[PDB]
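J.: Handing you this structure, nothing more for now.
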Amino acid sequence: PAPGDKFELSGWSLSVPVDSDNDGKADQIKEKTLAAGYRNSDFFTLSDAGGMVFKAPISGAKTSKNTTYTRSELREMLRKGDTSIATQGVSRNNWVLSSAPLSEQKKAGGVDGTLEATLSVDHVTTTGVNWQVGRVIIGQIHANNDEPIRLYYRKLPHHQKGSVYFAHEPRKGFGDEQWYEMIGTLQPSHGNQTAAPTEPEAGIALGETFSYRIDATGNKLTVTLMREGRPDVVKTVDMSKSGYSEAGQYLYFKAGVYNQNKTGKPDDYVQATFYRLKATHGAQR
């Protein structure tokens with residue numbers, strides 16, 4: 001019984017942090033294989049409660065030399081296994097913003113986008129250097145080379161509750177990375193490791209169900225955090241100067257766990273369970 005039996009996964013590929021051909025690259029599971037019921041008892045499973053469970057230890061294979069952190073994470077693939085469609089570029093596999101040139105929109109697999117997830121963060125690292133410990137990225141928008149958004153959950157080892165924040169990173173040369181704290185704080189950061197934040201009283205506990213929404217409409221980025229019985233937390237970001245509407249830029253969502261710790265105990269880990277995951281595109285969404 002695997003996630004593909006319960007979730008429609010034809011529109012994603014998966015990477016898990018094990019390297020089967022010993023080439024230094026983490027395994028990549030293609031859409032068709034994923035959709036047909038791939039599972040890995042260590043990294044990617046279907047829970048008894050019908051959740052898609054991603055797990056990534058600190059030590060493990062990386063997807064490429066371009067990252068220093070492990071992940072068990074989905075990559076949006078609008079081509080759904082059709083190998084005649086390019087994985088990269090403004091093709092039917094990816095999407096672009098509605099602020100992009102009409103000519104790019106016509107070549108893309110979608111225009112604008114929304115990623116919705118309902119999940120729990122089950123475990124985060126409790127070992128490592130003080131600016132890495134407890135961090136996990138649970139959703140992203142990725143582009144050709146840069147990251148329009150990375151959404152973080154972070155819980156410190158001595159806290160009961162965790163924080164939620166995200167980065168908006170303009171393309172290189174288009175401006176400095178922007179950080180947005182939505183619940184609690186991202187402290188302690190690499191920038192001041194002497195920080196000693198108190199427990200985020202509005203924080204999210206391990207195992208507590210919550211939802212997010214990541215929307216890109218034209219140059220407007222909207223991130224929404226939802227908890228049953230509580231008001232939404234919402235942050236809006238203007239991306240008009242970030243370069244992601246330029247010709248040639250393509251976008252795709254990612255979701256799962258991306259372990260932002262490379263210094264703790266090797267079998268320490270992050271894990272999250274996704275009960276719902278939906279990516280949509282187009283004006284009618």
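The chains in the structure tokens are called A, B, ... from first to last as shown; in each chain the residues are counted from 1, and the ligands are counted from 1 in the order shown.
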Could you pull the residues within 9 Å of residue A:145, counting only C-alpha atoms, minus those fewer than 2 positions along the same chain, as an MDAnalysis selection string?

T.: chainID A and resid 142:143 147 171:172

J.: Can you list, as a PyMOL selection string, every protein, DNA or RNA residue that comes within 8 Å of stretch 246-259 of chain A when you count only C-alpha atoms, leaving out same-chain residues fewer than 5 positions away?

T.: chain A and resi 54-58+69-77+88-90+94-96+100-101+104+115+135-144+269-272+274+279

J.: Keeping only N, CA and C atoms, write the selected residues as a CSV table (one decimal), in the first residue's frame.

T.:
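To be explicit, this is the file written out as again02.csv:
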```
chain,number,residue,atom,x,y,z
A,54,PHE,N,6.8,11.8,4.3
A,54,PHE,CA,8.2,12.1,3.8
A,54,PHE,C,9.2,12.1,4.9
A,55,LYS,N,10.3,11.4,4.8
A,55,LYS,CA,11.3,11.4,5.8
A,55,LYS,C,12.7,11.6,5.2
A,56,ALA,N,13.5,12.5,5.7
A,56,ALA,CA,14.9,12.7,5.3
A,56,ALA,C,15.9,12.8,6.4
A,57,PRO,N,16.7,11.8,6.6
A,57,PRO,CA,17.8,12.0,7.7
A,57,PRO,C,18.8,13.1,7.2
A,58,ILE,N,19.6,13.5,8.2
A,58,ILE,CA,20.6,14.5,8.0
A,58,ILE,C,21.7,14.0,7.0
A,69,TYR,N,22.0,19.8,1.3
A,69,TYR,CA,21.0,19.3,2.3
A,69,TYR,C,20.2,18.1,1.6
A,70,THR,N,19.8,17.2,2.4
A,70,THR,CA,19.0,16.0,2.0
A,70,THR,C,17.5,16.4,1.8
A,71,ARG,N,16.8,15.6,1.1
A,71,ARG,CA,15.3,15.8,1.0
A,71,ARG,C,14.6,14.5,0.6
A,72,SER,N,13.3,14.5,1.0
A,72,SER,CA,12.4,13.6,0.4
A,72,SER,C,11.2,14.4,-0.1
A,73,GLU,N,11.1,14.7,-1.4
A,73,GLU,CA,10.3,15.8,-1.9
A,73,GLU,C,9.9,15.6,-3.3
A,74,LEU,N,8.7,16.1,-3.6
A,74,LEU,CA,8.1,16.1,-4.9
A,74,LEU,C,8.4,17.3,-5.7
A,75,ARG,N,8.6,17.0,-7.0
A,75,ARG,CA,8.8,18.0,-8.0
A,75,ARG,C,7.7,18.0,-9.0
A,76,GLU,N,7.0,19.2,-9.2
A,76,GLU,CA,5.8,19.3,-10.0
A,76,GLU,C,6.2,19.0,-11.5
A,77,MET,N,5.5,18.1,-12.2
A,77,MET,CA,5.8,17.7,-13.5
A,77,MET,C,4.5,17.7,-14.3
A,88,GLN,N,12.8,20.8,-18.3
A,88,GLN,CA,13.1,22.2,-18.0
A,88,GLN,C,12.8,23.1,-19.2
A,89,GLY,N,12.7,24.4,-18.8
A,89,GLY,CA,12.4,25.4,-19.8
A,89,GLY,C,10.9,25.8,-19.9
A,90,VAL,N,10.6,26.8,-20.7
A,90,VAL,CA,9.2,27.2,-20.8
A,90,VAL,C,8.5,26.2,-21.7
A,94,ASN,N,6.1,22.9,-17.2
A,94,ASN,CA,6.2,24.0,-16.2
A,94,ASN,C,5.2,25.1,-16.4
A,95,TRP,N,5.2,26.0,-15.5
A,95,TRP,CA,4.3,27.1,-15.7
A,95,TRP,C,5.0,28.5,-15.6
A,96,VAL,N,4.3,29.5,-16.0
A,96,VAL,CA,4.8,30.9,-16.0
A,96,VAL,C,3.8,31.8,-15.3
A,100,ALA,N,4.1,37.4,-17.4
A,100,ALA,CA,5.1,37.0,-18.4
A,100,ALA,C,4.6,37.3,-19.8
A,101,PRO,N,5.5,37.4,-20.8
A,101,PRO,CA,5.1,37.7,-22.1
A,101,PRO,C,4.1,36.7,-22.6
A,104,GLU,N,5.4,33.5,-24.0
A,104,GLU,CA,5.8,32.5,-23.0
A,104,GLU,C,4.6,31.7,-22.5
A,115,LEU,N,-0.5,26.3,-4.7
A,115,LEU,CA,-0.2,25.1,-4.1
A,115,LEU,C,-0.9,25.0,-2.7
A,135,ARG,N,15.1,22.8,11.5
A,135,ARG,CA,14.5,23.5,10.3
A,135,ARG,C,14.2,22.5,9.2
A,136,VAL,N,13.0,22.7,8.6
A,136,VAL,CA,12.6,21.9,7.4
A,136,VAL,C,11.8,22.8,6.5
A,137,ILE,N,12.0,22.6,5.2
A,137,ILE,CA,11.3,23.3,4.1
A,137,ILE,C,10.2,22.4,3.6
A,138,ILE,N,8.9,22.8,3.6
A,138,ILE,CA,7.8,22.0,3.4
A,138,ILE,C,7.0,22.4,2.1
A,139,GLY,N,7.4,23.4,1.4
A,139,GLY,CA,6.8,23.8,0.2
A,139,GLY,C,7.7,24.9,-0.5
A,140,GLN,N,7.7,24.8,-1.8
A,140,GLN,CA,8.6,25.8,-2.6
A,140,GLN,C,7.9,26.1,-3.9
A,141,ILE,N,8.3,27.3,-4.4
A,141,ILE,CA,8.3,27.6,-5.9
A,141,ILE,C,9.7,27.7,-6.3
A,142,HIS,N,10.1,26.9,-7.3
A,142,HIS,CA,11.5,26.9,-7.9
A,142,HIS,C,11.4,27.4,-9.3
A,143,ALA,N,12.5,28.1,-9.7
A,143,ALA,CA,12.6,28.6,-11.1
A,143,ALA,C,13.8,28.0,-11.8
A,144,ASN,N,14.3,28.6,-12.9
A,144,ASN,CA,15.4,28.0,-13.6
A,144,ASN,C,16.6,27.8,-12.7
A,269,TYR,N,16.7,13.4,11.9
A,269,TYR,CA,15.9,13.5,10.7
A,269,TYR,C,14.7,14.5,10.7
A,270,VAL,N,14.2,14.8,9.6
A,270,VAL,CA,12.9,15.5,9.5
A,270,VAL,C,11.8,14.6,8.9
A,271,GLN,N,10.6,14.8,9.3
A,271,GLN,CA,9.5,14.0,8.7
A,271,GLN,C,8.2,14.8,8.8
A,272,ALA,N,7.4,14.8,7.7
A,272,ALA,CA,6.1,15.4,7.6
A,272,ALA,C,5.2,14.5,6.9
A,274,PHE,N,1.7,14.5,4.7
A,274,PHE,CA,0.8,15.3,3.9
A,274,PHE,C,-0.6,14.5,3.7
A,279,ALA,N,-1.9,21.1,-6.5
A,279,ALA,CA,-1.4,22.2,-7.3
A,279,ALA,C,-2.3,22.5,-8.4
```

J.: From the DSSP assignment of the backbone, select every residue of stretch 4-215 of chain A that is alpha helix (DSSP H), and format the answer as a count of residues only.

T.: 14

J.: If I take atom CA of residue A:234 and atom CA of residue A:212, how far is one from the other in Å, to one decimal?

T.: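 Straight-line distance from atom CA of residue A:234 to atom CA of residue A:212 works out to 9.8 Å.
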
J.: Counting only C-alpha atoms, what is within 6 Å of stretch 182-188 of chain A, bar same-chain residues fewer than 2 positions away, as a PyMOL selection string?

T.: chain A and resi 131+163-165+193+195+200

J.: Can those selected residues be exported to a file as an mmCIF file, in the first residue's frame so that it contains C-alpha atoms?

T.:
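Saved to part22.cif:
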```
data_model
loop_
_atom_site.group_PDB
_atom_site.id
_atom_site.type_symbol
_atom_site.label_atom_id
_atom_site.label_comp_id
_atom_site.auth_asym_id
_atom_site.auth_seq_id
_atom_site.Cartn_x
_atom_site.Cartn_y
_atom_site.Cartn_z
ATOM 1 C CA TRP A 131 21.338 28.088 13.327
ATOM 2 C CA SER A 163 7.634 28.720 13.967
ATOM 3 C CA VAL A 164 6.653 29.239 10.318
ATOM 4 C CA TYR A 165 8.464 31.643 7.983
ATOM 5 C CA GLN A 193 23.730 32.907 16.689
ATOM 6 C CA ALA A 195 19.849 34.887 19.782
ATOM 7 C CA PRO A 200 6.407 30.900 20.117
#
```

J.: From a DSSP calculation on the backbone, collect every residue of stretch 15-252 of chain A in strand (DSSP E) and output the set as an MDAnalysis selection string.

T.: chainID A and resid 15:16 27:29 44:46 52:57 71:76 95:96 110:111 113:123 135:142 149:154 161:168 178:183 204:205 210:217 220:226 233:238 252
